Each structure stands twice: as structure tokens, then as C-alpha cells.
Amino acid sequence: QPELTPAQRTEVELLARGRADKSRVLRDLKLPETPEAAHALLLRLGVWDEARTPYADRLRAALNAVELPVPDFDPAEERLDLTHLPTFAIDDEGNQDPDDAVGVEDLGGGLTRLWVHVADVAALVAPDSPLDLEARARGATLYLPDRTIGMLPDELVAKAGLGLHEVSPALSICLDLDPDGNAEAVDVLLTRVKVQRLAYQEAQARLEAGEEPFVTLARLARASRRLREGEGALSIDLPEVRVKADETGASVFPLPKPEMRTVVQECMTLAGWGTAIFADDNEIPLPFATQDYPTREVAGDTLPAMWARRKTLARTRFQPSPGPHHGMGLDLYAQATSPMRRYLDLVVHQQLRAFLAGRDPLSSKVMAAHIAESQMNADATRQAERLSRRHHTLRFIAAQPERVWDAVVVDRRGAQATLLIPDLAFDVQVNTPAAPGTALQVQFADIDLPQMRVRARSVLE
């Protein structure tokens, strides 16, 4: 009802975005002078539609694309030509810029060479360059349901993304694995590959037809997982979704888990393990990913078991020297496969490329420093992303009031049960004595976007 003037609307907007901490307008209307209260008012007045999310702004996450000049790859740099091998960037349906690709080579005698090719980002982003500094200031690419704000310029992604061009330069990790999964050798080198893009479901279809390299990649991944599990490795693969938002509204799509998705994941793990092995052998400091023992032992792979396990996990800590990763069953590990979207991965590439160029990689001291600096930024970026995903997920829920969702009890707190709706990767508290693992049907009501809360209930129980 209160028709605010333009200047007033903006005043309220600055508060909703967290840029201001007060508002004479809200104060006057007997409304709380809080970002959430300003948000609700803007919705009630029609100034803002339900599509708008204030979380990136509130957390001071960068919403602007990086407008710095991007260097070209050096054509004279010698690279191992692998354009003759079938190579594939296999990703989620709807993905747009590949960081990685996989391939294999039979080496005879039961030995197989696994190739994990990664976008050669460090060839374009040198330590301390304006590109490196801005990427460090962001920590990670911000993937909102309605837009993507890269850690690096769009120009850079367009030129380094694998498979975006007929042939692509890459920084590759190669591991020679015997039938049992033991690595007889690991290498890191600059390459040139011809990559074909496929969604996980499409690679799965090829695996099912017995097509190579899918059949071989699956054999290697299975043997590798069995080895890591033998070393205490345990899973927290809970249901995932794609959250999208556009002109037509919000959408939440369940992410299928074909075997090829698991296989590709294992190839990334092998690549990170090899990278760490390589760095350890050559005394190259990297942001090694470590994880100490969990709070308590939790067995099983059911939803409730994985739900509990995730809560007991020790935090993943990145340090300049190798350390065991309990969750992965590895003695050492480094994330090296997503340099376009994660700053730590880019640092791994910068360190490896420096070594390859016969130069001096950053010392452990500067490494500990850059890890600390980037992580604070990555934390804020990731939180802005998580809040934004929940926002649109609620819009999706609110658009289908009549829908009944399938849920599972994954935890309990008194008379309260935590219900996870897999198709939404969304959980809510609901009164019910149902034991963990119990399948229930739930309906949602009273969605409040500014506060992002909803009331759920077990139906026809």
C-alpha cells in the first residue's frame, strides 16, 4: 500500500543488499531495519520480483565479470601431440566449460596408461599477474542459478576450455597402472589433444555398448576405488541437483548417477593423487589437501549413513606439504583438475608449470599465505552460491503447491526428524517418530523467501 518514492525504494534497496544497515522508511513503517525486512517490503511493493537474490551482494562476492586482458597460448612451446587419441570431456548435462578430459593407452603387458588432461590455465595466468590477483580475490567461480560469474575472464575460459576448439592445449597427468591398480609411473607434461564433449548419460550409453575408451576407463576406476576403499576410504555421495533460474522461473533437476559419472570422478581422484606424487617426488610445494580422522566411525552407504558421516568429517585442510586424506584413503592428494573454477587448482598448475619451465615454484611460506588469503574469498563465494541455490529451490517448491515429494529420514533430533527430499537435495525438519531410512511423502507450504524458510509436513502418514 505505501507508495514509496524512487529515492525511498533505493534507500530500502541499499538495505536489502546489505550495503546500508538502516532505513528511515522501514523505521517509519514500524518495520525492522534489517536486510530481510527490506527484502520482504520490496517484494510486497513490487519493486523486486522473486527472481532477485541479495546474497552475493550481502557477502560482498564479486558479481562483475573479470575485465582483464588475456594472453594467448605460446605456439612455439613444445607439447606432446596426442590428437590421435580418442579423448573425452564428460560432464553434467547442461555444463558449459570443460576443465578436464580423459583418455587411455594400452601399453601392453596388462599395463594401461590413464590420461587426465586439464585446461592449461597457468600458461595464461602467471603468479602475481593481474589475472592471478583477481582470481585470488574471488577464490572460485560463482555459479548462480541465473548466471555464472567466473573467477577468470570469459575470454580466458573460451580459449582454454577443453573441447571448445578442434584441438586444445593442456597440462596433463599420466599414470601407468597395472591390472591391480598400482601406479608404476606418473608424469606431468604439456600436451595438445582433440577433445570430444559428452554428458555423463551419453558416455554411459557408450560404456553399455562396450565402446572404448569407456570400457577401459571403467575397469581402471573400479580397481582404483577398491584399492582406496581397502585403505579406509568411505563415501558421502548424496543426491545432487542442478538449480536453474531464467525467464520461465526456477527449476531444480535431479542429477543422475550413472556409473560413468563415478568413473570420471575416480579419474579426477587418480589425477590429483598423481599430481601429489609428482610434487612430493620433486619437492614442489602445493596446496595438498589433507583430512584427519572423523569424529567417530560411521559405517554404511545408505542415505542416513552418508548423512551422519558428513557431519563427523574432519575439515579438509590445505597445506604446503603432503598429508593423509582419511576420507579418500590416500596418503597424499592435491586437487588439480578444476583450475578455471577453483583458485587452489590454479595454484597447483602454476607450481607444476614453474617446475616444468625449470623455474622456482613458490616456497611453502608464500603457499601457506596464498592458501589463507584465497580460502576466505572462496568461503564467501561458496556461501553466496549455497544461499542463492536455496532461494531458487524454494521458488521451485512454491510453484508446485500440490506436489507431493518423496523423502527419507536421514537423522533425528528429539521428536523431530530430518527429512531429505533427494529430487531437491533439500532437507527440512518435521515432527515424526519415523526411524532413519523411512520413506515418507511430504508437502511444503508457507514459503517465505526473504527468510528462506518453509513449513513441511509428512502427508498421509
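So that there is no doubt, residue numbering starts at 1 and follows the sequence shown.
K.L.:
As stated in the PDB record, which stretch has the larger average Cα B-factor, 105-113 or 205-213?
P.N.:
Higher mean C-alpha B-factor: 105-113.
K.L.:
Can you tell me whether 285-293 has a higher mean C-alpha B factor than 264-272 in this record, or the other way round?
P.N.:
The stretch with the larger average C-alpha B-factor is 285-293.
K.L.:
Between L394, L419, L45, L424, let me know which has the highest C-alpha B-factor in the entry?
P.N.:
Top of the list by C-alpha B-factor: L45.
K.L.:
Kindly indicate the residue among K365, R382, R353, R341 with the greatest C-alpha B-factor in the PDB record.
P.N.:
Comparing C-alpha B-factors across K365, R382, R353, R341, the maximum falls on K365.
K.L.:
Which third, lowest, middle or highest, does the C-alpha temperature factor of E259 belong to within its own chain?
P.N.:
According to the entry, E259 has a C-alpha B-factor in the chain's lowest third.
K.L.:
Tell me, lowest, middle or highest third: where does the Cα B factor of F318 rank within its chain?
P.N.:
Highest third.
K.L.:
Would you mind checking where the Cα B-factor of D99 ranks among the modelled residues of its chain, as the lowest, middle or highest third?
P.N.:
According to the entry, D99 has a C-alpha B-factor in the chain's lowest third.
K.L.:
Taking the values exactly as deposited, rank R136 by C-alpha B-factor within its chain and report the matching third: lowest, middle or highest.
P.N.:
Bottom third by C-alpha B-factor.
K.L.:
When the deposited Cα B-factors of this chain's modelled residues are ordered and cut into thirds, is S388 in the lowest, the middle or the highest one?
P.N.:
For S388, the deposited C-alpha B-factor lands in the lowest third.
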